[PDB]
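> got the complex split up, this is the first portion:
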Amino acid sequence: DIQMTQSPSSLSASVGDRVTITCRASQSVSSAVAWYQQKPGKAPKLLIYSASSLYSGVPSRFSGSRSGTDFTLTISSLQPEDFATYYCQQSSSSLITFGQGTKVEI
C-alpha cells in the first residue's frame, strides 16, 4: 500500500497567485501520478496525468513536475474558477491510492 501525503491540508490565496500543491509518496511510484480537481458536489475532473502531461481541454495554467518521489502541482495564475479541492493519485501498482486533498479557498 503506497501512501501519498500531500501538503498543505488547506490553502488560502487570491487571484493572480502562484499556487503550488506538492505530493509525497512513501514508495517509488515511477511517474504514474495524476491530479484531479473536484468542485464540491460534482465529480472530479482530470487535469494532469503522468505527473507532467496536461490533459486535453485543461487550461494551460496548471503544470506538473517530479524530482524523485515528490510531485508538484502549480497554478501559474489563479482564477476564480480554480477554487476547489485538489487530489493526488498514483497508479504504479494495480492497487490505486489517492491523496487526502487540498482545499484552495479565497
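Yes, it's here. Residues are numbered from 1 along each chain as shown, chains lettered A, B, ... in the order given.

> Secondary structure element for the residue most central in space within chain A, which one?
Most central in chain A under CA atoms, centre = their mean is residue A:35, positioned 3.7 Å from the mean C-alpha point. For residue A:35, the enclosing helix or strand under DSSP states H and E is strand A:33-38.

> which strands and helices sit next to that strand?
For strand A:33-38, the packing partners by 3 or more CB pairs under 8 Å, 6 or more residues apart in numbering; DSSP states H and E come out as strand A:45-49, strand A:62-66, strand A:85-90. Placement of C-beta: from N, CA and C, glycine included.

> Show residues contacting the last one.
Applying CB atoms under 8 Å, 6 or more residues apart in numbering, the contact partners of strand A:85-90 are A:2, A:4, A:6, A:21, A:23, A:25, A:29, A:32-40, A:44, A:71, A:73, A:96-99, A:101-104.

> The helix or strand following it pairs with which strands?
Remark: after strand A:85-90, the chain's next helix or strand is strand A:97-98, criterion DSSP H and E. Partners of strand A:97-98 in the sheet, by DSSP bridges, are strand A:85-90 (antiparallel).

> re the thing from before, give the ChimeraX command for selecting the buried subset of the contacts of strand A:85-90.
Restricted to buried positions by 16 or more other CB atoms under 10 Å, the ChimeraX selection for these reads:
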select /A:2,4,6,21,23,25,29,33,34,35,36,37,44,71,73,97,99,102,104
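
> So in terms of bridging, what pairs with the closest residue to residue A:52 other than its chain neighbours?
Nearest residue to residue A:52 in three dimensions, chain neighbours excluded: residue A:64, at 4.7 Å (CB to CB, 6 or more residues apart in numbering). Using DSSP bridges, the bridge partners assigned to residue A:64 are residue A:73.

> list the contacts for residue A:64?
Counting by CB under 8 Å, 6+ apart, residue A:64 makes contact with A:33, A:35, A:48, A:50-54, A:71-74.

> Drop chain B onto that structure:
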Amino acid sequence: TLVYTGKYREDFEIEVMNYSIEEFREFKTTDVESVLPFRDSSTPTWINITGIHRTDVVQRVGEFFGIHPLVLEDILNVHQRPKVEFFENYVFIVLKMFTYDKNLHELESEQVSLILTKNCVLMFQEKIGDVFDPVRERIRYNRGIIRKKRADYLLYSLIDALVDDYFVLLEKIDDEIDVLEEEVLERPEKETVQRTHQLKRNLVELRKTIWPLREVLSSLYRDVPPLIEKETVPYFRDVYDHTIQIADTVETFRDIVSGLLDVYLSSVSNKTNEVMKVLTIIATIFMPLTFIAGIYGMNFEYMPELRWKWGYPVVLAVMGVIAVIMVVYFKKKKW
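Putting chain B onto the chains we already have gives this:
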C-alpha cells in the same frame, strides 16, 4: 577443489519446504543429513541452502543427488554470468539477485543457483535474504495454483519472483535517473559527475546480467526439455516477455545516462577559460604592485628616499591608480 569464491562466510542454514496436493510440511534445520531423504518423495519439495561457504554441505548434497562434479564449480563460483545447462537427470540454472541502497548509490550482486531434479528443486545462496518471500506465502497459504502443480512450477515461481524483484530494482533506478537528470541540468557539481559515473557502471552491470537471463528464459521455454513439461511453457514465455521489458528499460536508461554525461563532459575547456581569466587578472593586478613595493622597500643608503613630500601614502595611492587602471583594462575584453 570446489572452493567457495564469494566474500560471505557468516550465514549458514538449510531449509526445506515440502508442500503436497492437500498437505504441507515446513522446517528449518542445520544438519545436511535430515533433508537427504526428501529426494525420493513423490510430492515436490523445495530445499534451500542459504550458506554455500560451508563446502562440505554442498559436496554432500551434490553426491547424494548424483549431479555431475562440473556444476559444483559454477555453484561455488559466484562471479559468473547467468546461464542454463540441460542434463539428463537435472537442469542447472545460474541466476542473480540485486539490492540497491538509495542512501549510498551502489549495486550489490548475490548469486543463486537452481537445480531441478524430477520431483524437487535445490537452491544455493551466498547469504540470507531472498526475493522469494511471496512464493513462500503462496505455497503456505494454498493461494494460487502452485500447490496443485509439480516442481517445474516451483522453478517457474522462483524465476518469476526473481524478475519481479528486478522490476522493483528498476523503480529505484528510475528515481535516481530523475534526480540525477535534474541535478546535472541545473546544478553542475563534482558530486553529480561521480554519481553519474556510478550510475553508468551500475547500468553496465545490469545489462551484462539481464541479457544472459533473457537467453536463459528463451532456452527454458523454446527447447522445453522433458522435465519442463508441456503445461508450464506459457508461463516461461511470460517471464521471457518480462525479461524483454527489463532489457528494453535498461537500454533506455543507459542511453539516458550517456547523454547526461556527454554535455557536461564537453562543457569542459570552457572552465579552462574561466580559471585562466581569473589567474591572469589576479596576476596582472598584484605582480607590478609587488614589484614596485619591493623597489621602494629596497635599501641602498644613497637613494633619494628622504621623505620630502610624504611619499608612502603617495606611493600607495599610485598602487591604487595602476590597480584601478588594470581593472578598467579588464571587462573591456568581457573577461
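
> that older thread, show residues contacting the strand holding residue A:35.
Residues from elsewhere that reach strand A:33-38, judged by CB atoms under 8 Å, 6 or more residues apart in numbering or on different chains: A:23, A:25, A:44-51, A:62, A:64, A:66, A:71, A:73, A:82, A:84-91.

> Report the angle between that strand and strand A:45-49.
Computed by axes from the mean of the first three to the mean of the last three CA atoms, to 10 degrees, the angle separating strand A:33-38 from strand A:45-49 equals 160 degrees.

> how far is strand A:33-38 from where the chain is centred?
Strand A:33-38 has its C-alpha centroid displaced from the chain centroid by 5 Å (CA atoms, centre = their mean, to the nearest Å).

> do the same with stretch B:35-54
For stretch B:35-54, the separation from the chain centroid amounts to 30 Å (computed by CA atoms, centre = their mean).

> Give the ChimeraX command for selecting the buried subset of the contacts of strand A:33-38.
This is the ChimeraX syntax for the buried subset of these, where burial follows 16 or more other CB atoms under 10 Å in any protein chain shown:
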select /A:23,25,44,47,48,49,51,62,64,66,71,73,82,84,85,86,87,88,89,90,91
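
> Of the contacts of strand A:33-38, which ones also sit close to chain B?
Residues of the contacts of strand A:33-38 in contact with chain B (CB under 8 Å from any CB of the partner chain): residue A:66.

> For the closest residue to chain B within chain A, give me phi and psi.
Residue nearest to chain B within chain A: residue A:28 (4.5 Å; CB to the nearest CB). Dihedral pair for residue A:28: phi -110, psi 90, per degrees, to the nearest 10.

> Please apply the same query to residue B:78.
Main-chain torsions, residue B:78, degrees, to the nearest 10: phi -70, psi -40.

> Which residues are in contact with it?
Each residue near residue B:78 by CB under 8 Å, 6+ apart is listed here: B:4-6, B:109, B:111, B:126.

> include chain C as well:
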Amino acid sequence: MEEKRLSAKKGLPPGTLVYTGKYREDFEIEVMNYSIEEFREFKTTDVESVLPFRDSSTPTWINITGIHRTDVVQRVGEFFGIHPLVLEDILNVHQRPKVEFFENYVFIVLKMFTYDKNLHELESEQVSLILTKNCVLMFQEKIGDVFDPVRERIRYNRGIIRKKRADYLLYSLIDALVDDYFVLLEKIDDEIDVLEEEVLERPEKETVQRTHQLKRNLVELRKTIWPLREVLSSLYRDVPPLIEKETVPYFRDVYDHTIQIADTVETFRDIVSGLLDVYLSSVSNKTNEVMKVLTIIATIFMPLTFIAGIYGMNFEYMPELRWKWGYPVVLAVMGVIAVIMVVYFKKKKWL
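Once chain C is put in with the chains from before, the structure reads:
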C-alpha cells in the same frame, strides 16, 4: 522465432492493447473513395461508417488520425481481419520501420519527422499502412502529415493515380513520405551550416550542446532511414501478391531515393563529427590568448622582483651595497631588460 502472439506485459491485464505515445488531442477519420468515374470524400468521427468500405471494388483511402482511441483501432482490426499482434505493433510507437506480409494484407510501418526552428528539435510521428484488397488503411497520432499532394492528385484527377488500383495509392503515400525526407534533410543542412558558423564565430557551451543534440538527431535519423531502405527493398523484390507486377519500377525509384538519403546522412554525420574538434580548437585559441597575456606579465615582472631582492638584502658585511650613486644603474638595467623582453615578445608575436 516460431509462431507469433501478443507478448505479455507485466502490470497489464492480459490481451490489453495500449497506446505508447504522447498525443491525446486529435481524433479524425478521412475517407477518399476514388475511381475513374468519380471521387467521394468523407470526414467523420464515426467508425461504423467506414467499415462498409471494406468490400468496395474501387480504391479506398481511409485515414484514421489519432490512435490514442484504442477502441477504434481494435474495432477496425476486428472488422478488417487484422491480427491482434499487428494492432499491438500499430499502437507501439517506440518502434522502427518494418514490413510484414500476410495472406490478405500488407502491413508497413514508417516515420514522419518535423524539424523545428528556434528550438533545435527533431520529433518523430509513427505512421502505419495496411493494404487490404482495395483499401489502404492509414493510422496517425496527430493532425498533420505529408500526403497533401496525393490528396490534390486524387481531387483533380491529376496524374495516373485515379486510373490505377490501391497498390498505386500505397506507392504514392510512401513516395510522398520519402520526398518529405528530402526537405527534412535540407532543413538539417541549413542547421549544420548555422551551427558550423556559430562554432567558430562565437564558441560557448550552448554551441556544443546544440552540436551534441544534432549528432544524436543524426544517429536517430540513420536508425530510422536504414529500415526504410530495407522495407523498400523488400517491397520491390519480394513483391507479394497484393502488389501488382506493374508497380515495381516505382518502388525501385523510391528505393534509389532512400539510398541517396542514406548517403546524405552519412556525409552529415562526418561533418557534425568534425564540428566538435573545430569547437575545441577555437576555445583553446581563446584560452591561448589569455595564457599569453599571463605569460607576458609574469615574464616582465618576476625577474625584476628577483633583482630587487638581490639589491634589497641588507647584507651589511660588504661595502658593495654602499656605493655612492644617484640610482642610475639598477633602474637602468631593469628598464633595459624590460624593454628587451617586450621587443622579444614583439618578435614571435604575442600580444
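
> Go back to the contacts of strand A:85-90, now with chain C?
With contacts defined as CB under 8 Å, 6+ apart, strand A:85-90 is touched by A:2, A:4, A:6, A:21, A:23, A:25, A:29, A:32-40, A:44, A:71, A:73, A:96-99, A:101-104.

> Quick check: residue B:276 is in a helix.
Yes - Residue B:276: assigned to a helix according to DSSP: H, G, I helix; E, B strand; the rest coil.

> name the element residue A:60 belongs to?
Using DSSP H and E, residue A:60 sits within no helix or strand.

> which residues touch it?
residue A:54.

> so how far is residue A:49 from residue B:178?
Per CB to CB, to the nearest Å, residue B:178 is found 17 Å from residue A:49.

> which residues does the residue nearest to the centre of chain A bridge with?
Residue A:35 has the following beta-bridge partners by DSSP bridges: residue A:48, residue A:88.

> At the contact with chain A, which residues of the stretch 151-300 of chain B appear?
B:171-172, B:174-175, B:178-179, B:182.

> rerun at 6 Å
Residues of the stretch 151-300 of chain B found near chain A, taking CB under 6 Å from any CB of the partner chain as the criterion, are B:171-172, B:174-175, B:179, B:182.

> roughly how far apart are the nearest residue to residue A:32 once chain neighbours are set aside and residue C:12?
Distances taken as CB to CB, 6 or more residues apart in numbering or on different chains place residue A:91 nearest to residue A:32, at 4.3 Å, with adjacent residues excluded. Applying CB to CB, the value for residue A:91 to residue C:12 is 12 Å.

> Same check on residue B:142?
27 Å.

> cool, residue B:33 as well?
Taking CB to CB as the measure, residue B:33 falls 47 Å from residue C:12.

> Kindly report the same for residue A:53.
Going from residue A:53 to residue C:12 by CB to CB gives 19 Å.

> One more: residue B:36?
Residue B:36 sits 44 Å away from residue C:12, going by CB to CB.

> for residue B:177, what are its contacts?
residue B:253 (CB atoms under 6 Å, 6 or more residues apart in numbering or on different chains).

> Does it lie in a helix or a strand, and which?
Assigned by DSSP H and E, residue B:177 belongs to helix B:151-186.
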